[PDB]
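Following: one structure in structure tokens, then a few remarks.
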Amino acid sequence: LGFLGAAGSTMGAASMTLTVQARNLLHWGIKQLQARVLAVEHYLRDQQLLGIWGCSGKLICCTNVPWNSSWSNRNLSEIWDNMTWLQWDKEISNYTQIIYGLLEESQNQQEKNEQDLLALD
Amino acid sequence: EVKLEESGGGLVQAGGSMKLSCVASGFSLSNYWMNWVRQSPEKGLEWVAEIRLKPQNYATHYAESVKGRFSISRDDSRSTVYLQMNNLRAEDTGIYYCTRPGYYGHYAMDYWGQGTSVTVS
Amino acid sequence: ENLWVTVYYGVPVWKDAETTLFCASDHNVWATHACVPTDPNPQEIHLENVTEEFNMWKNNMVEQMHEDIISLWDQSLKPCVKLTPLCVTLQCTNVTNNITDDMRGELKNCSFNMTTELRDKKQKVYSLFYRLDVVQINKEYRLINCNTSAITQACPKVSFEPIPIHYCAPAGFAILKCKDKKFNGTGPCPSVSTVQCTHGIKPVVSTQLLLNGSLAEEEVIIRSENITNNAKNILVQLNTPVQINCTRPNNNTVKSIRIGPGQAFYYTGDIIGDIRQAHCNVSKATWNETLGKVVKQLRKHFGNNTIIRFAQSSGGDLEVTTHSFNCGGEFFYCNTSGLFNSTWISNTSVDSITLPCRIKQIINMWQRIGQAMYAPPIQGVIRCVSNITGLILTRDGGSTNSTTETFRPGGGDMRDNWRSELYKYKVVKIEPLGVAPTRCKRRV
Amino acid sequence: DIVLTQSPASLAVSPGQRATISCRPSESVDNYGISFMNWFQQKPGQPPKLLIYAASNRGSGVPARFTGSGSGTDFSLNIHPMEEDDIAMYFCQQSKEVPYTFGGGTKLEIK
Ligand SMILES: *[C@@H]1O[C@H](CO)[C@@H](O[C@@H]2O[C@H](CO)[C@@H](O[C@@H]3O[C@H](CO)[C@@H](O)[C@H](O)[C@@H]3O)[C@H](O)[C@H]2NC(C)=O)[C@H](O)[C@H]1NC(C)=O
Ligand SMILES: *[C@@H]1O[C@H](CO)[C@@H](O[C@@H]2O[C@H](CO)[C@@H](O[C@@H]3O[C@H](CO)[C@@H](O)[C@H](O)[C@@H]3O)[C@H](O)[C@H]2NC(C)=O)[C@H](O)[C@H]1NC(C)=O
Ligand SMILES: *[C@@H]1O[C@H](CO)[C@@H](O[C@@H]2O[C@H](CO)[C@@H](O)[C@H](O)[C@H]2NC(C)=O)[C@H](O)[C@H]1NC(C)=O
Ligand SMILES: *[C@@H]1O[C@H](CO)[C@@H](O[C@@H]2O[C@H](CO)[C@@H](O)[C@H](O)[C@H]2NC(C)=O)[C@H](O)[C@H]1NC(C)=O
Ligand SMILES: *[C@@H]1O[C@H](CO)[C@@H](O[C@@H]2O[C@H](CO)[C@@H](O)[C@H](O)[C@H]2NC(C)=O)[C@H](O)[C@H]1NC(C)=O
Ligand SMILES: *[C@@H]1O[C@H](CO)[C@@H](O[C@@H]2O[C@H](CO)[C@@H](O)[C@H](O)[C@H]2NC(C)=O)[C@H](O)[C@H]1NC(C)=O
Ligand SMILES: *[C@@H]1O[C@H](CO)[C@@H](O[C@@H]2O[C@H](CO)[C@@H](O)[C@H](O)[C@H]2NC(C)=O)[C@H](O)[C@H]1NC(C)=O
Ligand SMILES: *[C@@H]1O[C@H](CO)[C@@H](O[C@@H]2O[C@H](CO)[C@@H](O)[C@H](O)[C@H]2NC(C)=O)[C@H](O)[C@H]1NC(C)=O
Ligand SMILES: *[C@@H]1O[C@H](CO)[C@@H](O)[C@H](O)[C@H]1NC(C)=O
Ligand SMILES: *[C@@H]1O[C@H](CO)[C@@H](O)[C@H](O)[C@H]1NC(C)=O
Ligand SMILES: *[C@@H]1O[C@H](CO)[C@@H](O)[C@H](O)[C@H]1NC(C)=O
Ligand SMILES: *[C@@H]1O[C@H](CO)[C@@H](O)[C@H](O)[C@H]1NC(C)=O
Ligand SMILES: *[C@@H]1O[C@H](CO)[C@@H](O)[C@H](O)[C@H]1NC(C)=O
Ligand SMILES: *[C@@H]1O[C@H](CO)[C@@H](O)[C@H](O)[C@H]1NC(C)=O
Ligand SMILES: *[C@@H]1O[C@H](CO)[C@@H](O)[C@H](O)[C@H]1NC(C)=O
Ligand SMILES: *[C@@H]1O[C@H](CO)[C@@H](O)[C@H](O)[C@H]1NC(C)=O
Ligand SMILES: *[C@@H]1O[C@H](CO)[C@@H](O)[C@H](O)[C@H]1NC(C)=O
Ligand SMILES: *[C@@H]1O[C@H](CO)[C@@H](O)[C@H](O)[C@H]1NC(C)=O
Ligand SMILES: *[C@@H]1O[C@H](CO)[C@@H](O)[C@H](O)[C@H]1NC(C)=O
Ligand SMILES: *[C@@H]1O[C@H](CO)[C@@H](O)[C@H](O)[C@H]1NC(C)=O
Ligand SMILES: *[C@@H]1O[C@H](CO)[C@@H](O)[C@H](O)[C@H]1NC(C)=O
Ligand SMILES: *[C@@H]1O[C@H](CO)[C@@H](O)[C@H](O)[C@H]1NC(C)=O
């Protein structure tokens, strides 16, 4: 189970290696600087997105957005055992923009307001 | 063991059309070259068509006696060769054979199928 | 039931991407000056059940290697001596000596007026030149390309000997390597591994044949960008080496003069002993076996019942019509005829082979307009041993109207040399974020 | 097209005798120093069998009694000794160019 050794594995099996994958995410002088700056800017963008979702403290988290069955006509056991993450990512690639927008609107925007009201009272 | 099997023969009304087929076996069709010839006791043997491989853009050649009324095509994925004909004339009556070039350099019809009867009237 | 969106991080998913890769290496013109120390044992992780597609013809790694090489060649010449003062009347005559001869006039005895350390004084010198280095003004001569470009002398202390270069991914990226055999450089690869870095690749500059490259694992592999287009080069990778022995038999000597206050120039002095033509020896039997393997593999694509022929290039510039070497610091051009002279009808042709070669001191390696380099002559007898690892062939036919086809050696495009080593490698970007339907809920 | 002439149209040959069938192309069949004339043998109800290739080389499985000959525009097939097993139609072919040509087939019989 080296880096990306999980790539051919079922989506469920792959969950065992998430930590390992995370560890590997982080004029000649100009070439070095452009590559390094981009690696950092990219890294931070992913972390900011999790921070909006409130999931930044975890590799795995749950959300309050319900699944739209039209995104994929499959059973839970079907997805977790009969597919790889590579196949899955392609299958729902049309809806990733929608899901990200829903996570912010349905959870982040709603929860911060309700918690503020409780704090205010 | 190389075998060729012809099919699709039979009696067809003049001015009509039909398709003959040849099934390749015992060799890879994709890497060789294929030819069709016909025979009648009135004329003896006559060459009618040839088909080339992919680097040659599947170019084809026909005898002047059949050109424009006959067409040759192949399906590399199914190991088959087809000879299409239309605007049939009584003169086209004869036995048609699926053939192979055989010996390298010394192009020759080293292998023949059993052949099939075609009659036009 | 009610399915919910979940988020996973560290997900093993990758996408096609282009990024700058960095060189590593174990004076010299090559990249080792810019490079950092290598990983002596690069790690490789095999991936099971992975069918990732490769396409060598679109591979960006080729362009990155090309640009690094051009920059390095130029960088080595920046401190070096300018030869602009040499464009003079340069009167010359025939060299007379004990010779086996060559084309008549191949060597010239020239004399000319040069500057000295003081601008107040001039000196008269003489030197030997190759016919290729000069043209007639109208006897009076001119150094070739004095009408086109400045000429820079290569620094004598800088070696041209190749140094293996490894390329490594930046963080967030990984390099995939195809493990398949008999792979033609395109389509899905049935077995894929992930590596931090590539195997070391030596820069090699050559034409019509590939030198010092990798061998095919089992059988000779034939590939081209478009097999139906006769314009395209066909690359052939051999599964065996063919050894070639090249030599420059003449006992040349080197003399030098100071030019101006800041620089010095080296030139060919008297040649000691008999003057003989440069040449290369290859085994005939070995070459005959090699051609038989290539022909057998060509038939698998071009079909049976074809006549396969080979011939020399019909024309074009000396730089592309002949085989080129850079060895010992000398530049060789060899005719290659006798390697490519055959007809194959019956799976057979219908000791050593010696090829003639020529030496030129003024070169333009990258075929750039307005550029030129003068190599200093190298003293003493030069011998080089190398192995042929592949061929560049072109179709002069495209014939569909006959039972024959003829092939001729290609060249003039360096990218095709590098493609023979980089075809196994692909660059991908790692995207750790993904989502899934698994049911769960959170308190608010 | 390149026209072949073949003769005799038929011949009767007694057992043990030599039989000869001539073939004369309108244009030379030769290329790269090698003849491209081929010969076939045929019996009723069956496809032709390749007999001789490159005007001299017996096809695989072909008995020694069948011998090719000639060059340029003059070729012939020589069969000896004649046997009843040799009764067949015979054809010459020019394979050098597209279209490939045949014609003038000959009937060989026992006398
Ligand atoms: C290296 O070899 C592979 C095969 O191992 C080549 O893949 C082949 O590519 C051709 C052209 O796309 C495929 O031809 C097919 O044509 C039909 C229409 O007649 C089209 O519908 C198919 O989608 C396809 O284009 C051929 O099937 C395919 N062979 C396979 C997939 O096994 C590849 O092109 C070769 N690379 C080079 C540079 O020659
Ligand atoms: C491909 O690699 C082979 C070696 O596997 C090269 O052959 C060898 O090349 C080296 C370097 O040019 C030769 O050595 C040199 O010798 C001279 C003279 O003593 C010395 O001054 C240099 O510093 C260096 O040591 C070596 O002699 C030669 N072969 C043998 C048997 O020694 C071949 O040249 C390479 N091809 C290309 C195109 O680079
Ligand atoms: C070296 O000598 C050769 C002759 O051995 C010179 O070549 C001759 O050039 C003249 C004048 O144009 C011709 O008339 C002859 O036919 C040439 N002789 C040959 C080719 O054998 C040559 O010019 C001298 N040096 C050079 C050419 O650089
Ligand atoms: C090239 O020409 C020069 C003269 O321009 C030659 O140098 C002279 O050669 C003659 C004999 O031919 C000697 O008598 C002189 O003493 C030499 N002058 C010197 C050494 O300053 C030179 O030898 C010629 N080179 C070749 C290879 O023939
Ligand atoms: C190098 O310079 C000298 C003069 O210092 C040149 O010698 C002259 O040659 C011409 C030939 O027509 C004579 O008319 C002159 O009389 C010579 N010298 C002088 C001072 O007039 C020599 O030719 C020059 N060399 C080159 C290659 O140009
Ligand atoms: C070019 O020459 C080198 C040195 O002889 C070859 O490297 C050897 O390759 C053989 C297999 O062909 C190995 O058994 C030897 O151990 C290698 N020698 C080493 C690594 O020092 C090389 O194969 C030749 N051409 C190639 C490799 O394409
Ligand atoms: C071209 O045809 C030849 C000959 O059929 C193929 O190989 C040989 O044919 C002979 C008899 O003539 C057999 O005994 C052989 O087994 C065949 N090959 C071998 C290796 O023995 C050859 O494969 C054909 N070439 C292509 C590309 O299809
Ligand atoms: C490579 O070798 C060939 C064969 O020797 C050269 O072609 C010959 O050129 C000469 C001189 O004009 C002719 O007399 C011959 O008829 C040619 N031989 C042929 C066509 O077979 C060719 O010039 C050489 N290439 C180089 C760059 O020197
Ligand atoms: C590949 O598939 C096999 C089952 O056929 C499985 O046991 C193995 O774990 C899979 N490999 C990966 C990397 O998922
Ligand atoms: C699912 O997506 C479709 C298309 O956008 C939308 O019409 C539907 O309302 C969505 N269902 C949600 C909660 O169910
Ligand atoms: C998903 O559930 C349905 C329920 O009818 C079943 O028919 C189908 O086979 C299931 N799919 C898989 C992959 O188990
Ligand atoms: C996903 O998007 C791609 C690109 O528009 C499209 O080709 C594909 O059909 C889509 N998949 C769907 C709609 O399931
Ligand atoms: C320089 O001289 C060469 C001699 O071959 C000639 O071909 C070229 O046209 C010249 N260049 C210019 C710019 O005149
Ligand atoms: C090869 O060239 C032919 C003729 O132009 C073209 O039809 C075909 O698409 C090309 N094949 C490629 C680009 O893979
Ligand atoms: C042969 O050439 C050498 C080098 O130029 C020279 O020293 C020697 O005298 C020559 N021998 C003769 C001319 O007999
Ligand atoms: C090349 O072959 C020639 C002719 O046999 C021979 O004289 C020469 O010494 C050979 N060169 C080498 C390096 O063996
Ligand atoms: C090249 O030289 C080696 C010795 O270094 C020798 O064994 C080999 O036979 C030579 N090759 C030829 C073609 O002469
Ligand atoms: C090239 O082949 C031709 C034809 O066999 C031959 O006449 C010629 O001499 C050969 N050239 C060589 C061997 O240099
Ligand atoms: C090449 O031809 C010769 C002569 O017919 C034959 O003996 C040999 O087996 C052939 N080689 C084939 C595949 O190698
Ligand atoms: C070249 O190879 C052919 C085909 O294998 C062989 O028939 C011939 O004898 C070889 N020529 C030699 C070894 O000189
Ligand atoms: C030839 O070159 C060698 C060095 O490679 C040198 O020692 C020798 O003196 C030169 N000529 C001779 C010695 O005649
Ligand atoms: C074959 O002949 C046709 C004309 O019938 C011509 O257009 C085509 O270019 C020819 N092909 C070759 C390779 O010469």
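Neighbour counts are summed over all protein chains in view; Cβ atoms, including those assigned to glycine, are modelled from backbone coordinates with ideal geometry. Read the figures in this text as sums done on the coordinates, not as results from a lab.
For every residue, the table says whether it meets (1) within 8 Å of chain C (Cβ to nearest Cβ); (2) touching a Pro at 6+ places or on another chain (Cβ under 9 Å); (3) on the phi > 0 side of the Ramachandran plot.
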| site | (1), (2), (3) |
| --- | --- |
| A:56 | no, no, no |
| A:64 | yes, no, no |
| A:86 | yes, yes, no |
| A:94 | no, no, no |
| A:100 | no, no, no |
| A:116 | no, no, no |
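Residues in the stretch D:8-56 that are of a type in the set (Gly, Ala, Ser), closer than 25 Å to residue B:107 by Cβ and assigned to a strand (DSSP E or B): how many?
Count: 1.
Do any residues in the stretch C:99-113 that are more than 14 Å from chain D (Cβ to nearest Cβ) and of a type in the set (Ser, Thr, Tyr) have Cβ atoms under 9 Å from those of residues that are away from ligand 8 (no atom under 16 Å from the Cβ) and not in a strand (DSSP E or B), where the two are at least six apart or on different chains, and which pairs are they?
So the pair list comes out as C:100/C:274; C:100/C:276; C:111/C:90.
Could you list, in sequence order, the residues of the stretch D:36-85 that are crowded, with 20+ Cβ neighbours inside 10 Å and away from chain B (no Cβ under 14 Å)?
The answer is D:75, D:77, D:79, D:82.
So that you can scan it fast, the table gives a plain yes or no per residue for (1) in contact with a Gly (Cβ under 6 Å, 6 or more places away or on another chain); (2) within 14 Å of chain A (Cβ to nearest Cβ):
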| site | (1), (2) |
| --- | --- |
| C:162 | no, no |
| C:182 | no, no |
| C:196 | no, yes |
| C:200 | no, no |
| C:205 | no, no |
| C:218 | no, no |
| C:228 | no, no |
| C:233 | yes, no |
| C:246 | no, no |
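Being surrounded by fewer than 21 Cβ atoms within 10 Å (Cβ to Cβ) and either within 16 Å of ligand 22 (Cβ to nearest atom) or within 14 Å of chain B (Cβ to nearest Cβ) (or both) is the filter here; which residues of the stretch C:314-361 pass it?
C:342, C:343, C:346, C:347, C:348, C:349, C:350
Please determine whether any residue of the stretch C:295-305 is farther than 24 Å from residue C:241 by Cβ, within 14 Å of another protein chain (Cβ to nearest Cβ), in a loop (DSSP other than H, G, I, E, B) and under 24 Å from the mean Cα position of the chain (by Cα).
no
Looking at the stretch C:46-100 only, could you name the residues that are among the β-branched types (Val, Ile, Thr), closer than 30 Å to residue C:226 by Cβ and outside any loop (DSSP other than H, G, I, E, B)?
Once the filter is applied, which keeps residues that are among the β-branched types (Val, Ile, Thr), closer than 30 Å to residue C:226 by Cβ and outside any loop (DSSP other than H, G, I, E, B), the stretch C:46-100 yields C:62, C:69, C:70.
Conditions first: (1) acidic (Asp, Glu); (2) outside any strand (DSSP E or B); (3) away from chain B (no Cβ under 14 Å). Residue D:109 passes all but one, so which condition is the exception?
Just one mismatch for residue D:109, condition (2).
Of the numbered conditions (1) under 30 Å from residue C:234 (Cβ atoms); (2) within 14 Å of chain C (Cβ to nearest Cβ), residue B:109 fails exactly one; give the number of that condition.
All conditions pass for residue B:109, except number (1).
From the list C:363, C:392, exactly one residue is under 27 Å from residue C:418 (Cβ atoms) and touching a helix residue (DSSP H, G or I) at 6+ places or on another chain (Cβ under 7 Å). Which is it?
C:392
Out of the residues in the stretch B:65-106 that are crowded, with 20+ Cβ neighbours inside 10 Å and basic (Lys, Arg), state the one that is farthest from the other protein chains (Cβ to nearest Cβ).
My answer is B:74.
Assuming residue C:45 fulfils every condition listed in (1) within 7 Å of chain A (Cβ to nearest Cβ); (2) touching an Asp or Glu at 6+ places or on another chain (Cβ under 8 Å); (3) not charged (D, E, K, R) apart from one, which condition is it?
(2)
Give the residue that is nearest to ligand 4 (Cβ to nearest atom), with candidates limited to residues of the stretch C:293-328 that are small (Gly, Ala, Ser) and in contact with a strand residue (DSSP E or B) (Cβ under 8 Å, 6 or more places away or on another chain).
Across the stretch C:293-328, the extreme among qualifying residues is C:328.
Of C:378, C:369, which residue is aliphatic (A, V, I, L, M), part of a loop (DSSP other than H, G, I, E, B) and within 16 Å of ligand 13 (Cβ to nearest atom)?
Going through C:378, C:369 in turn, just one is aliphatic (A, V, I, L, M), part of a loop (DSSP other than H, G, I, E, B) and within 16 Å of ligand 13 (Cβ to nearest atom): C:369.
Would you say residue A:17 is under 20 Å from residue C:7 (Cβ atoms), touching a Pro at 6+ places or on another chain (Cβ under 9 Å) and surrounded by 15 or more Cβ atoms within 10 Å (Cβ to Cβ)?
Spelling it out, residue A:17 is indeed under 20 Å from residue C:7 (Cβ atoms), touching a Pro at 6+ places or on another chain (Cβ under 9 Å) and surrounded by 15 or more Cβ atoms within 10 Å (Cβ to Cβ).
For the stretch C:204-232, how many residues are within 16 Å of ligand 14 (Cβ to nearest atom) and out of contact with any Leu (no Cβ under 7 Å at 6 or more places or on another chain)?
Residues in the stretch C:204-232 being within 16 Å of ligand 14 (Cβ to nearest atom) and out of contact with any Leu (no Cβ under 7 Å at 6 or more places or on another chain): 8 in total.
Considering only residues that are basic (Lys, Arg) and away from ligand 16 (no atom under 16 Å from the Cβ), which ones fall in the stretch C:370-399?
Of everything in the stretch C:370-399, just one residue is basic (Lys, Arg) and away from ligand 16 (no atom under 16 Å from the Cβ), namely C:395.
Return a yes/no flag: does the stretch C:204-213 have any residue that is within 16 Å of ligand 17 (Cβ to nearest atom) and in a loop (DSSP other than H, G, I, E, B).
Looking through the stretch C:204-213, at least one residue is within 16 Å of ligand 17 (Cβ to nearest atom) and in a loop (DSSP other than H, G, I, E, B).
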